[PDB]
Each structure stands twice: as structure tokens, then as C-alpha cells.
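To start, the structure under review is shown below, and the notes come after it.
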Amino acid sequence: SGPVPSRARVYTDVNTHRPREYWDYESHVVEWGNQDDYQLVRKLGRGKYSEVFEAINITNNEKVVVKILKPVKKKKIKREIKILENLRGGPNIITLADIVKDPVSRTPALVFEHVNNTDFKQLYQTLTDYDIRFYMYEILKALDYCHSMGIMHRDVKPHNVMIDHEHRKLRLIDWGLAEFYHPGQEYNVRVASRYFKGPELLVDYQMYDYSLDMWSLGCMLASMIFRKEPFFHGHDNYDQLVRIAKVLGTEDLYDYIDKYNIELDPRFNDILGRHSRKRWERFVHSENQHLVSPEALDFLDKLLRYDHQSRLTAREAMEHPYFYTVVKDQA
Ligand SMILES: COc1ccc(OC(C)C)cc1Nc1cncc(-c2ccc(C(=O)O)cc2)n1
């Protein structure tokens with residue numbers, strides 16, 4: 001009767017110690033700027049719930065990015081906005097500069113700093129061992145910050161990392177699925193891209209936490225060092241867990257579901273089976289070898305765990321030997 005509760009190991013009570021206004025985003029009143037300050041230059045991209053454009057702020061002639069929202073519940077808009085305001089000035093977090101509405105179509109639009117983002121296809125082929133370490137460290141700065149500020153991103157994946165390679169500059173974007181961590185709270189598991197979903201989402205364990213982001217970071221790392229995009233290539237949410245089980249093995253999977261008393265979907269009985277835990281060498285080849293080191297594999301192994309309580313925290317990850325070269329060079 002019932003699954004076993006879980007609390008974050010770190011930053012557990014951080015929102016509790018804050019004024020209510022910090023996390024109680026439904027009570028946030030939105031401060032609207034002037035839509036006539038911005039002229040759209042060109043469309044940059046389309047999304048599930050948004051279209052993005054380059055624009056000009058005509059008052060200062062600064063380049064800017066405008067995310068025009070497709071219709072979504074005002075609660076979810078206030079969440080993204082609140083989270084972005086709370087995180088403003090944090091390391092490698094995209095800056096929200098303004099918020100406007102078309103006066104006619106009443107469609108809201110978020111205005112962001114511009115990053116001169118480099119071709120993601122072109123970039124993720126040209127990356128040295130050192131680059132991966134450097135940018136991974138940069139992402140962890142953002143994740144430790146937002147986690148320490150009581151926020152889970154819940155959509156960490158390469159499309160949500162903007163890199164200006166020229167200036168060695170990284171920004172974590174798209175805070176539209178982000179949520180405030182409160183101990184006890186049961187969250188929606190229908191979040192994140194399939195290939196980056198953590199086991200807790202896949203087995204429908206709802207009392208998850210910041211450590212979700214650390215799984216998805218692990219998925220990113222794996223694809224970058226092994227030059228295999230995506231690393232876990234499931235055909236759907238069920239086969240996604242199987243693709244994970246064929247690598248981390250089923251023994252730790254069933255220990256996980258046992259520890260938390262998770263009612264496993266019966267559909268899984270058929271497809272999951274029995275699989276051994278593989279070693280990482282099975283993914284090392286001559287093409288990717290220059291990216292792979294003992295340090296990288298040790299690090300990766302400690303992100304990619306079924307049990308969310310057992311994964312590295314962002315701060316622990318930043319202290320790992322994989323990053324010694326990077327930490328020395330920063331000071
Ligand atoms: C050449 O620059 C681009 C080409 C395509 C593109 O596609 C988007 C749909 C990701 C974005 C950009 N550039 C930029 C530059 N600075 C910021 C952003 C940005 C994009 C999205 C978000 C968000 O979803 O919160 C926040 C910021 N985006």
C-alpha cells in the first residue's frame with residue numbers, strides 16, 4: 001500500500017525558508033513592458049509551445065530574442081517567468097530582459113538576451129576532450145545554482161544549452177518545464193524529452209527532485225563522449241526503460257523498485273526481461289577514444305544510477321577529477 005517517500009539529499013528545505021512570494025507563483029502579477037520597443041527581424045526557430053525571433057529593441061538598438069508563446073495556462077506562464085526572475089544574474093542562466101503582449105492577439109512574448117549560438121551539429125563534431133569537460137563544468141554551475149535556489153529544470157538536453165564557442169560562453173535556456181522543489185510534493189512525470197527521461201519518470205515515481213537533472217546531464221555526457229546521439233534510443237517510454245536496462249542491467253532496476261515499493265506497470269513484465277550490467281568499453285571505439293578516459297567513465301557511472309538518491313549532486317560532480325584540469329585553469 002503506497003510507494004516509499006523521498007526527500008532531496010541537498011537543498012531540501014530551501015523554498016520553505018523563503019518568503020511565500022518566491023515560490024507561490026500563482027500570486028505573481030506580471031510586469032508588462034512596451035511591445036512597440038521591439039521590431040522582429042527574422043524567425044530563428046519553432047517549438048512545441050513557442051516561436052522564437054531575433055528582434056531589435058529600437059530604444060537602445062540592442063539585439064534581443066523574442067519567444068512568442070502559443071496558448072498555455074496562465075499558471076504555467078507565471079511559473080516560467082517567476083523562475084526566470086528568481087534565477088536572473090545566476091551563472092550561465094539565460095537573462096529574461098522583458099515581457100510583452102501583442103495588444104491585439106493578446107499572445108504573451110518573453111524577451112531574452114541574445115547569444116550568438118554556434119551550429120549544434122557543427123559544434124558537437126568539433127569538440128575536444130577538454131571542451132566537453134569545460135562546457136560540462138559550465139552546465140553544472142547553472143544546475144547547482146538553480147538547485148540551490150529551489151528550482152528543478154526538468155528539460156536538460158543539448159537543444160536547451162546555447163554555446164557561443166567564439167567567446168566560450170554557455171547559457172541554459174528554456175525554463176518552461178522548470179518547477180520549484182518542495183519536500184513531499186508529487187510531480188507530473190510527463191516531462192522532459194524521451195531520450196533524457198530518468199527512471200523515476202519511466203516507472204511513474206512522482207516524488208522526484210533535483211537529481212532528475214543529473215540523470216539527464218549523464219545522458220548528455222554519454223552521447224558526447226561516445227559520439228552516439230542519443231545514447232539511450234528508446235522507441236517509446238516503455239522501450240526507453242528497456243534501452244536503459246540493457247545497459248545498467250535489470251538487477252539494480254528491481255532493487256530500485258523494491259526499495260521504493262513501486263507498482264510497476266504490468267506492460268513492463270513482457271519487455272523488460274533480465275539483462276546484465278554492461279561495462280562502458282562496449283561503447284568505446286577508435287572514433288570516440290580520444291574523448292574517453294577513466295575519469296570520464298567514473299564520472300558518468302556516478303550520474304547514471306536508477307536510485308536518484310545515489311546520483312552525484314551538482315557540487316559533488318564539480319569536485320570530480322574529470323574537472324581538475326578545468327578548475328586549475330579557472331584560477
Ligand atoms: C542564431 O540564434 C538562434 C537560432 C535559433 C534559435 O532557436 C531557438 C528556438 C532555440 C535560437 C537562437 N538564438 C538565441 C539567442 N539567445 C537566446 C535564445 C533563447 C532561446 C530560447 C529561450 C527559451 O526557450 O527560454 C531563451 C533564449 N536564443
Side-chain angles (χ1 to χ4, degrees), residues 10-11 13-35 37-38 44-45 47 50 52-57 59-61 64-69 72 77-101 108-117 135 137-157 160-164 167 170-182 191 210 212-213 217 314 318:
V10 292
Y11 300 137
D13 300 303
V14 137
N15 285 327
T16 304
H17 296 316
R18 296 222 181 232
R20 201 220 304 186
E21 23 278 281
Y22 178 93
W23 52 258
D24 179 32
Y25 52 81
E26 294 180 358
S27 80
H28 183 67
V29 307
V30 173
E31 309 287 316
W32 302 99
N34 192 348
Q35 189 236 21
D37 290 351
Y38 303 103
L44 293 171
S50 75
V52 182
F53 298 77
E54 165 175 302
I56 209 93
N57 190 330
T59 76
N60 46 319
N61 266 254
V64 122
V65 153
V66 176
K67 185 164 88 190
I68 300 183
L69 301 193
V72 315
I77 278 165
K78 283 164 193 267
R79 191 177 73 190
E80 181 170 3
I81 292 173
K82 193 56 203 172
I83 289 181
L84 279 169
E85 286 169 358
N86 294 342
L87 297 178
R88 254 164 108 289
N92 301 329
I93 308 291
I94 197 70
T95 303
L96 178 68
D98 197 354
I99 315 166
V100 298
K101 183 131 66 190
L110 310 195
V111 184
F112 289 99
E113 64 171 307
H114 185 268
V115 180
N116 327 65
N117 174 48
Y135 290 129
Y137 198 71
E138 289 311 304
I139 302 178
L140 282 171
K141 277 183 176 157
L143 290 180
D144 188 53
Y145 188 65
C146 74
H147 295 169
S148 78
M149 298 291 282
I151 309 281
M152 316 179 256
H153 184 278
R154 304 203 296 174
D155 198 19
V156 177
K157 63 183 193 202
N160 287 334
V161 179
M162 293 250 112
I163 307 166
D164 169 2
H167 301 94
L170 183 155
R171 295 288 182 278
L172 178 57
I173 63 144
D174 202 353
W175 294 82
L177 284 172
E179 190 46 288
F180 293 89
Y181 176 65
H182 294 128
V191 297
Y210 313 110
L212 179 60
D213 288 338
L217 186 70
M318 286 168 68

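Values reported hereafter were calculated over all heavy atoms of this structure, with side chains retained and with hydrogens, waters and symmetry mates removed. All residue numbers refer to positions in the sequence shown, counting from 1.
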- Message: Please find the pair of heavy atoms, one from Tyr145 and one from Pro91, that lie closest to each other, and give the distance.
- Response: CG-CD, 3.7 Å
- Query: For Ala55 and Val66, which heavy atoms make the closest approach, and how far apart are they?
  - Reply: CB-CG2, 3.7 Å
- Task: Show your reasoning for whether side chain to side chain contact (heavy atoms under 4.5 Å, CB included) applies to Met162 and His114.
- Result: CA-CA 10 Å; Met162 293 250 112; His114 185 268; over 6 Å; no
- Message: Applying side chain to side chain contact (heavy atoms under 4.5 Å, CB included) to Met152 and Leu212, what does each step give before you reach the verdict?
- Response: CA-CA 8 Å; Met152 316 179 256; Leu212 179 60; 5.6 Å; no
- Item | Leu69 versus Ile77, closest heavy-atom pair with distance | CD1-CG1, 3.4 Å
- Task: Quick one: closest heavy-atom pair of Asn34 and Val100, and the distance?
- Result: C-CG1, 3.8 Å
- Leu177 and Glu179: side chain to side chain contact (heavy atoms under 4.5 Å, CB included), yes or no, with the steps? CA-CA 7 Å; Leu177 284 172; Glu179 190 46 288; over 6 Å; no
- Could you pull out the closest heavy-atom pair between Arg88 and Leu96, with the gap in Å? NE-O, 3.2 Å
- Query: For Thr95, what residues pass the side-chain hydrogen bond (donor to acceptor under 3.5 Å, both in side chains) criterion, not counting sequence neighbours?
  - Reply: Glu113
- For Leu172 and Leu143, which heavy atoms make the closest approach, and how far apart are they? CD2-CD2, 4.0 Å
- The side-chain contact (heavy atoms from CB on, under 4.5 Å) partner of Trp23 among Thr16, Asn15, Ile151 is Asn15
- By side-chain contact (heavy atoms from CB on, under 4.5 Å), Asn86 pairs with (sequence neighbours left out) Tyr22, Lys82, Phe180
- Message: Donor-acceptor check, side chain of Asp213 to backbone of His153, threshold 3.5 angstrom: yes or no?
- Response: yes
- Message: Can you tell me how far apart CG (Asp155) and CG (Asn160) are? Round to the nearest 0.5 Å.
- Response: 4.5 Å
- Note on the structure: One should read off an interatomic distance between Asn117 CG and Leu170 CG, to the nearest 0.5 angstrom, of 9.5 Å
- Any donor-acceptor N/O pair, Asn92 side chain to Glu138 backbone, under 3.5 Å: yes
- First locate atom CG of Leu110, then atom OG of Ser50, and finally report the distance between them rounded to the nearest 0.5 Å. 8.5 Å
- Task: Give the intermediate values and the outcome of side chain to side chain contact (heavy atoms under 4.5 Å, CB included) for residues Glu85 and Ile99.
- Result: CA-CA 11 Å; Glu85 286 169 358; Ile99 315 166; 3.8 Å; yes
- Item | For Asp98, side-chain hydrogen bond (donor to acceptor under 3.5 Å, both in side chains) partners two or more places apart | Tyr38
- Message: Using the salt bridge (charged side-chain N to carboxylate O under 4.0 Å, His left out) criterion, which residues pair with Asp24? Sequence neighbours excluded.
- Response: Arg20
- For the pair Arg79 (side chain) and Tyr25 (backbone), establish whether a donor and an acceptor sit closer than 3.5 Å, ignoring hydrogens and angles. no
- With sequence neighbours left out, the residues meeting ring-ring contact (aromatic ring centres under 6.0 Å, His included) with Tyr210 are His147, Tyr181
- Item | Test item: side-chain donor near acceptor, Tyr11 and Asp144, under 3.5 Å | yes
- Query: So how far is it from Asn116 CG to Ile163 CD1, rounded to the nearest 0.5 Å?
  - Reply: 13.0 Å
